[PDB]
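Single chain ahead, by itself, as C-alpha cells, in the form deposited in one PDB entry.
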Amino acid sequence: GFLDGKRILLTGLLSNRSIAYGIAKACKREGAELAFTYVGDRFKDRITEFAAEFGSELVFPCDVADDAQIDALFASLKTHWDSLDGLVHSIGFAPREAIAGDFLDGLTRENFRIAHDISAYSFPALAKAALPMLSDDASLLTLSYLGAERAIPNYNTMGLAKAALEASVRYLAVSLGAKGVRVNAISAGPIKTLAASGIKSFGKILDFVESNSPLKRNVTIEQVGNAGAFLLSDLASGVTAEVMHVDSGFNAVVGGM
C-alpha cells in the first residue's frame, strides 16, 4: 500500500465507532505499523485488543492533561521505534454543560480551560514531545469540526478550542516545516461516536447534513480514514498546514432553504 514501512502512532481510539479506529483501519490496509494510546487503566484491555486487531502489541498510556504522561509516552515509544513517521491527534473533551444549551450558560473559566487544554493545546504538545524522534518527512494529523469556522448549535465552547486547534496546525507546520514535516487537519462531518453523545442535538445535525450536503449523505469513519491515511502518506508530500473537509461537501453550502 501507499504507507508501506511507515510507523504511525494513533491516539483517541476508544471504540469501533471512533474516528481513530477508521483511520487505523485504513493505515493498516496501506501498509503501516501502528501503535496506540489510551487514557485510564480499565481501557488497557480493550485497546490492547484493538492493537492486536491491527497486528500491534505497542500500546501506551497517555492522559494529555499530565505533562508527565506525555513525555513518558515518547520515551517508551523510542525503545520500540527508532523513529516516528506519523502521529494522529484524535482527542477531544469538554465538560458536558459547556457543550449543551446556550454558549454562555455553560461558560465558566474552568470549562474553558479544560476544553482548550485537552482539545487544542495537547496537539502541539504531543508534537513538541515527539520532535526528537520524528522522521524527516513525518506527517502529523488532527481532527477538527466545521464548528470552528461557523457557529453551530450546541457546539459552543468546543468551537473556540477547535479554532485554536486549526490555528496551531498552521503554526506547527511552519515550526516543523523546515525539517520537512507536514501538519494537517481533517474537518470531519458528523459521525455517531462516543464523544458525539455529549452534543445535545447531535441527531438534528446528522439529518440536516444528510439532507443538505451536496452528496446527500453523511460521512463514515472509512471515508475519514482514507482521507487521513492519504495525508499521513507521501502521496500528500505537497500538502501541509491544510484543513481538509471530509463532510460530504456540507461546509460549502447554505442548506435548509
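Each residue number is its position in the shown sequence, starting from 1. Residues that one form lacks are left out of the comparison. Rigid core here is just the name for the largest C-alpha set that superposes within 1.5 Å across the two forms.
Another form exists, deposited in another entry; not displayed. Remarks below refer to it.
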Open item on the list: Against the rigid core, a Cα displacement of 2 Å or more between this form and the one not shown applies to just one of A52, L194, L215, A68. Which?
Closed with: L194
- [ ] Tell me whether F250 and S197 end up closer or farther apart in the other form, going by their C-alpha atoms; the shift is 3 Å or more.
- [x] farther
Task: Relative Cα spacing, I205 and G198, in the other form - shift of 3 Å or more - done: farther
Open item on the list: I need the moving stretches between this form and the one not shown: superpose on the rigid core, then report runs of 3+ consecutive residues where each CA shifts by 2 Å or more, in sequence order.
Closed with: 192 to 199
